[PDB]
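Report on the following structure.
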Amino acid sequence: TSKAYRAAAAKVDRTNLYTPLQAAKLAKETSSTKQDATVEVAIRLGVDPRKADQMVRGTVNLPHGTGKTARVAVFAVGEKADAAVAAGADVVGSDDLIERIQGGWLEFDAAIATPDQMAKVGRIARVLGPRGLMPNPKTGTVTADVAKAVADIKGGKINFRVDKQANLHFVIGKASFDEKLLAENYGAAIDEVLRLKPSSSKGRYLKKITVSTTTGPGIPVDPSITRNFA
Amino acid sequence: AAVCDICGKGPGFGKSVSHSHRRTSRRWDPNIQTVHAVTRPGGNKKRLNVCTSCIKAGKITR
Amino acid sequence: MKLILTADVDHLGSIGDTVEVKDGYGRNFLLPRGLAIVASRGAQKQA
RNA sequence: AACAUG
RNA sequence: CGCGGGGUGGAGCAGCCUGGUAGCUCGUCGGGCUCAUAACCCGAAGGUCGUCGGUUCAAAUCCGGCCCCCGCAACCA
RNA sequence: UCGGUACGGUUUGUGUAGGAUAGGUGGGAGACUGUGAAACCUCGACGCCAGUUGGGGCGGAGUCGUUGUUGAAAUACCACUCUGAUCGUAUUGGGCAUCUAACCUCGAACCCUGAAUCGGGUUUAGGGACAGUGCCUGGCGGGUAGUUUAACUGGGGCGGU
RNA sequence: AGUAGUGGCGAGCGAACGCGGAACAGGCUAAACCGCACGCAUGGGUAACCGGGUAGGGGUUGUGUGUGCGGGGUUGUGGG
Ligand SMILES: [Mg+2]
Ligand SMILES: [Mg+2]
Ligand SMILES: [Mg+2]
Ligand SMILES: [Mg+2]
Ligand SMILES: [Mg+2]
Ligand SMILES: [Mg+2]
Ligand SMILES: [Mg+2]
Ligand SMILES: [Mg+2]
Ligand SMILES: [Mg+2]
Ligand SMILES: [Mg+2]
Ligand SMILES: [Zn+2]
């Protein structure tokens, strides 16, 4: 109320556009007084998500990770569970896994369902609604190759999906990361958005972008720099 | 009027072209305005027809 | 066009200096009444 | 406001 | 060709800018009311919400797909 | 006197269970003088769903929220958005009303003028940035103009082709 | 050369570059600036000017600008 709002205008300025060098710098200076946080990047695209052919959805790999625990639940039995027991599946259960989740146990950060289990995991996806824990074949979580699917979560491969009002929101890593671990994540962030530009888009594509945190203010960032993030 | 009393700029004739490219004759008339001009400050006023490209310069006084 | 005004004109400026005028306030009011002159040679008569 | 018949 | 509106029960229409009941009037049947008949009042019957396919917890309402209808503008193989 | 544009500030929204599903997405789960809309007092609509957390004019002398769970459900924080309202900055544009000096007067008097219901010039009484005209532009336009209105056909016309 | 092209690319319309001849020729002004007159302004040792310098004297006709008439000027290797 008092300290958090007065800490905004002492460092950043609204009208002054900031470089991607200075944005990650102020991301280290804003979150230093409070605890650690996730440096949030909000992207305002110039497409309409209401048209289904202009729908933007894809993946993007963070080579420096994001600092996430990644409790990956794997829905597999038999030799499909043997392909993930060496991949890093922490909880390998049985056919009663339908009943353990409905009892009040939702302690997993990722859900990977094999196609041999998709007739039974579909009863679990109702309680996994708002927090975003249901298995999705469009994001690469429903496949027969679950050995490489565990390492996709541990590397921090973010699955982005544009909202109702064309405002992307993207994470790059924790506040404990350096100025170059976040910038190379931010350097590979915008370019994969430009590769995921739709076909029939008009106007200016990446109009507004900013850098924010969990419990702090934002950073005005200039889309003019798409080449020199390093 | 359509003749400037100073520079002699009269009208020009041309054609008015439609969408079916039917050409008929119209006339480009100059922007002739009336002025009450003096020859020395405080003297009498003579009425003239001048064009607006001479009022924009200093060919007359008022 | 620019002018050099001689007398005191309100909301327009002081005396001696040049001023911007909107070309119809000049030759209808300022120039026939003698309150202003054109600025071609008057910049040296002012100096 | 309301209706009229045998 | 471009803009932005319209389609709902046997008939005539609300509801659509705010996603959730889907209705009212007329007509058909049956019942009330009256000494009795008209007039009146009520219930029930009657819905592919023009069609499909997605968004979506959920669509008559939002977006596209065609299907007929209309308004204004366009229309130099 | 009004309006939209970029940006900034505040505020607005929602079913039976919940600070009425933050309205929506994405992050993230402890933040600061919050007594209590008892007061001095909170809205301009919301006072219907549901009473809003500001009109902080105050009491600052202390503490709420983040922890429990339920429709799908989170509830502090807090993000940049959506609908409506408002303030401020900057820019741009349109109405309405006074002024006189461009312009207009078939209003008047005087003079050129000896003979002038023409014309011009001077003074005065009024209209006034409107009208009229030039250029560019949309409409309306048998008022007017140039032309078109096919062929077969037991004759042309009607049907048919 | 009825060529390049141009055309309800219909009917049609229609160049130039260049080569061969006929005939040959080039001249004045405006402006900058310096004077004279007229017109306006500014100023009385504030200051100059009186052909330049040299010295004094004059003891205000200097200084600036507007309008005509003389001087100066006429170029593409740029000329003034
Ligand atoms: Mg004449
Ligand atoms: Mg001609
Ligand atoms: Mg002709
Ligand atoms: Mg011109
Ligand atoms: Mg002008
Ligand atoms: Mg005719
Ligand atoms: Mg003819
Ligand atoms: Mg016949
Ligand atoms: Mg020759
Ligand atoms: Mg000369
Ligand atoms: Zn003229």
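Just so it is clear, the values below take in all heavy atoms, side chains as well, and ignore hydrogens, waters and symmetry mates. Proteins get letters first, then strands, A, B, ... in listed order; numbering begins at 1 in each.
With a 5.5 Å centre cut-off and a 30° plane cut-off, the bases of E:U21 and E:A22 come out unstacked. Under the 5.5 Å centre and 30° plane thresholds, the six-membered base rings of F:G27 and F:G28 are judged to be stacked. A stacking criterion of 5.5 Å and 30° is not met by the six-membered base rings of adjacent nucleotides E:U34 and E:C35. Adjacent in the strand, F:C40 and F:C41 do not form a stacked pair, their six-membered rings missing the 5.5 Å centre or the 30 degree orientation threshold. Judged by ring-centre distance under 5.5 Å and interplanar angle under 30°, strand neighbours E:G46 and E:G47 are not stacked.
Of the candidate nucleotides G:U65, F:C135, E:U56, F:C135 has the atom lying nearest to any side-chain atom of B:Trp28. Of the candidate nucleotides F:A101, F:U133, F:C104, F:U133 has the atom nearest to the side chain of B:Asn31. Nearest to the side-chain atoms of B:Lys45 among the listed nucleotides F:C135, F:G24, F:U122 stands F:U122. Taking every side-chain heavy atom of B:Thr34 into account, F:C104 is the closest of F:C104, E:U55, F:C32. Residue A:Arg50 places its side chain closer to E:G54 than to any other of F:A101, F:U133, E:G54. Comparing F:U100, F:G27, G:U65 against the side chain of A:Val171 picks out F:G27 as the nearest. Listed nucleotides G:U65, E:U55, F:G121 differ in distance to C:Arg41; the shortest reach to its side chain belongs to G:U65.
In F:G4, the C1'-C2'-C3'-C4' torsion is negative, which places the sugar in the south family. For F:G44, classification of the furanose by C1'-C2'-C3'-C4' yields a north pucker, on the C3'-endo side. A negative value of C1'-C2'-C3'-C4' puts the sugar of F:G36 in the south, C2'-endo-like family. A positive value of the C1'-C2'-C3'-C4' torsion places the sugar of G:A30 in the north (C3'-endo) family. In G:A1, the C1'-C2'-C3'-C4' torsion is negative, which places the sugar in the south family.
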Its contact letters, B for base, S for sugar-phosphate only and - for none at protein heavy atoms under 4.0 Å, make nucleotides 75-94 of chain F read ---SSBSS------------
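On the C1' atoms, E:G32 is 15 Å away from E:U37, given to the nearest whole Å. When the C1' atom is used for both F:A72 and F:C46, the distance is 27 Å, rounded to whole Å. Across F:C43 and F:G51, the matching P atoms stand 13 Å from one another, rounded to whole Å. Rounded to the nearest Å, the gap between the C1' atom of E:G30 and that of E:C67 is 42 Å. When the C1' atom is compared between E:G15 and E:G9, the two are found 15 Å apart, to the nearest whole Å. For E:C63 and E:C16, the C1' atoms lie 15 Å apart once the distance is rounded to whole Å. The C1' atoms of E:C72 and E:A11 are separated by 33 Å, rounded to the nearest whole Å.
A:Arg131 comes within 4.0 angstrom of a nucleotide base, judged by non-hydrogen atoms across all strands. Counting non-hydrogen atoms under 4.0 angstrom, B:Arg40 reaches nothing in the nucleic acid. If you check every strand for non-hydrogen atoms under 4.0 Å, B:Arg47 touches sugar and phosphate atoms only. Contact annotation for A:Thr15: no contact, since no heavy-atom pair falls under 4.0 Å across all strands. Note on B:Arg22: nothing from the nucleic acid sits closer than 4.0 angstrom, heavy atoms only. Here B:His19 lies in heavy-atom contact (under 4.0 Å) with a base. Across all strands, A:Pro130 comes closer than 4.0 Å to base atoms (heavy-atom distances). Counting any heavy atom pair closer than 4.0 Å across all strands shown, A:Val127 reaches no nucleic acid atom. Within the 4.0 angstrom heavy-atom criterion, no nucleotide atom of any strand lies near A:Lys174.
One finds the CD1 atom of A:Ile101 at 11.5 Å from the CG atom of A:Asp96 (value rounded to the nearest 0.5 Å).
Taken as a pair, E:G23 and E:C13 qualify: Watson-Crick (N1-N3 plus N6-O4 or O6-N4) or G-U wobble (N1-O2 and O6-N3), both under 3.5 Å. Between E:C62 and E:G54, both key atom distances fall under 3.5 Å, giving a Watson-Crick or G-U wobble pair. A Watson-Crick or G-U wobble pair does not link F:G18 to F:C112 when both relevant atom distances must lie under 3.5 Å. Taking 3.5 Å as the upper bound for both contacts, D:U5 pairs with E:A36 in Watson-Crick or G-U wobble fashion. Using the rule of two distances under 3.5 Å, E:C35 and D:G6 count as a Watson-Crick or G-U wobble pair. Pairing between F:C152 and F:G160: present (Watson-Crick or G-U wobble, both distances under 3.5 Å). The bases of E:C63 and E:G53 line up as a Watson-Crick or G-U pair, and both contact lengths stay under 3.5 Å. Remark: the bases of F:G51 and F:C136 do not meet in a Watson-Crick or G-U wobble pair with both edge contacts under 3.5 Å. Here F:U53 is not matched with F:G8 as a Watson-Crick or G-U wobble partner, both contacts being required under 3.5 Å. For F:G28 with F:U147, the Watson-Crick or G-U wobble criterion does not hold with each of the two distances under 3.5 Å.
E:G32 adopts an anti glycosidic conformation, its chi angle falling more than 90° from 0. With its glycosidic angle more than 90° from 0, G:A16 adopts the anti conformation. Taking 90° from 0 as the syn/anti boundary, the base of F:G62 is oriented syn.
A:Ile219 has its side chain out of reach of A:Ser212: every pair of non-hydrogen atoms, C-beta onward, lies at least 4.5 Å apart.
In RNA chain G, the stems built from three or more successive Watson-Crick or G-U pairs (distances below 3.5 Å) are G:33-38 with G:66-71, G:40-42 with G:62-64.
Ring orientation note: the planes of C:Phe29 and C:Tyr25 are close to parallel, at an angle under 30° on the 30°/60° scale.
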For salt bridge (charged side-chain N to carboxylate O under 4.0 Å, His left out), just list the numbers for A:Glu107 and A:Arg71, CA-CA rounded to whole Å, side-chain angles, deciding distance to a tenth of an Å, and then say yes or no. CA-CA 8 Å; A:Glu107 293 291 328; A:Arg71 293 180 292 174; 2.6 Å; yes
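No salt bridge links C:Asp23 with B:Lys56; every basic N to acidic carboxylate O contact stays at or beyond 4.0 Å.
Exactly one of A:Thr141, A:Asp152, A:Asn136, A:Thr59 qualifies for a side-chain hydrogen bond (donor to acceptor under 3.5 Å, both in side chains) with A:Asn159. That residue is A:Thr59.
With a 6.0 Å radius and a threshold of 12 heavy atoms from other residues, nucleotides or ligands, A:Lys180 has its NZ atom above the threshold.
Checking E:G9 for Watson-Crick or G-U wobble geometry (two distances, each under 3.5 Å) identifies no partner in any strand.
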